[PDB]
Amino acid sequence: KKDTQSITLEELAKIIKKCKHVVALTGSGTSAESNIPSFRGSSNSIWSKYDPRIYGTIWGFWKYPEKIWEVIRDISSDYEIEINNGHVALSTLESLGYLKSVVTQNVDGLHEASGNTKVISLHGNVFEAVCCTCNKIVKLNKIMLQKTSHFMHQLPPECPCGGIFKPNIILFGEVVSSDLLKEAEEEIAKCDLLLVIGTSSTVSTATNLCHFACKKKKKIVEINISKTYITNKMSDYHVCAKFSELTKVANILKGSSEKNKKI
């Protein structure tokens, strides 16, 4: 419980200029302008064909294991999914020596695709699959998630051993890997600014990490299109902005990096 202040992007550029070890905590809002809706209750979207009480939960996987595959398949097949300007900005911010890692709840792989080098995926990742009898791992790529791939032909996909593949993502009701959390915790432990970008409503995961960042008396900035659970509880500043307006921050920091010519 505490008093959050509104700041501009220009002003965030200045906060980041002083900093040696910035961390970004990212939620679905950073994939929205890549064409995947965060609302999730929108009817202008995919989440609509499918009951989130079934595909979203581990009870739902064991009863209807085809359903989370259908959802991943239709999102991959039916939408143009590309790195946006926000992802490019974060990649620059790493390049310039500011951003040390990204802790994320998205499962879509975009931060890596943009060139980030230390992405901690707390909810896992849609490009691997595990057999939930023998634990054989299978690596996948975008092209294998298409509706026409052999791997999608019969759902849920089947291991040679006779078991069934499960995506390697953490569903509601499951437990986030303690190792991955300790990783995220230590990256926060050493940081001097946490950027919390595109997150809600929340989920226990991001929240617990912000609590941890307060415990460690760390400086927190939200970049969001709106107030969130942690505004006025845990964030020190808040920037009202879309993930991709972040290239303005990257611009200000790159051109100041051109204090580079002699004299």
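Numbers for residues come from their place in the sequence shown, where the first is 1.
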Mean C-alpha B-factor higher for 154-162, or for 111-119?
111-119
Mean C-alpha B-factor higher for 201-209, or for 52-60?
201-209
Of the options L181, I143, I81, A129, which has the highest CA B factor as deposited?
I81
Would the CA B-factor of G86 place it in the lowest, middle or highest third of its chain?
middle
Once the chain's modelled residues are ordered by C-alpha B factor and cut into thirds, is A189 in the lowest, middle or highest one?
highest
Based on the deposited C-alpha B factors for this chain, I'd like to know if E222 is in the lowest, middle or highest third.
middle
Which third, lowest, middle or highest, does the C-alpha temperature factor of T26 belong to within its own chain?
lowest
Position of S95 among the chain's modelled residues by C-alpha B-factor, lowest, middle or highest third
highest
